[PDB]
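Given next, in structure tokens, is a single chain: the form solved without the DNA.
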């Protein structure tokens, strides 16, 4: 509890999971260094009860966590797991970013997720 991504989410509207080209995907954060630009996105599925009384699936959201932090802090870069996709800027160090850690929403608002110029966002995905 009291732990969250440092950034706002990407919303999925299509059917394909989130995917980034090699070297792309890490959100902008001017308080981090080139060594830190590596991590993963984690899918969060939302389900609400619709008008018919049955549960309906909402659009999935994907949250970025620096490598070695977040709900899959123990996962090494590249580990295969459903809902987890890995991203890294070229040159980033394959080390845990415990100095960055996660965000306490009671203490800090989320950084608005932004991707650098030229990034290919897959079809159906949009930043909140």
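Residue numbers count along the first chain shown, from 1. Whichever C-alpha set is largest while still superposing within 1.5 Å between the two forms counts as the rigid core.
Not pictured, yet referred to below: the form solved in complex with the DNA.
Checking 79, 44, 93, 28 for any heavy atom within 4.5 Å of the DNA in the bound PDB entry turns up a single hit: 44. Though the partner is left out of this view, residue 23 does not reach within 4.5 Å of the DNA in the bound PDB entry, counting heavy atoms only. For residue 51, a non-hydrogen atom is located within 4.5 Å of the DNA in the bound PDB entry, even though that partner is not displayed. Among heavy atoms of residue 66, none comes within 4.5 Å of the DNA in the bound PDB entry. Not displayed here, the DNA is kept clear of residue 97 by more than 4.5 Å at the level of heavy atoms in the bound PDB entry. Contact annotation for 105-120: a single residue, 105, has a non-hydrogen atom within 4.5 angstroms of the DNA in the bound PDB entry.
Per-residue Cα shift between this form and the one not shown after core alignment stays below 2 Å for all of 50, 76, 83, 101 except 50.
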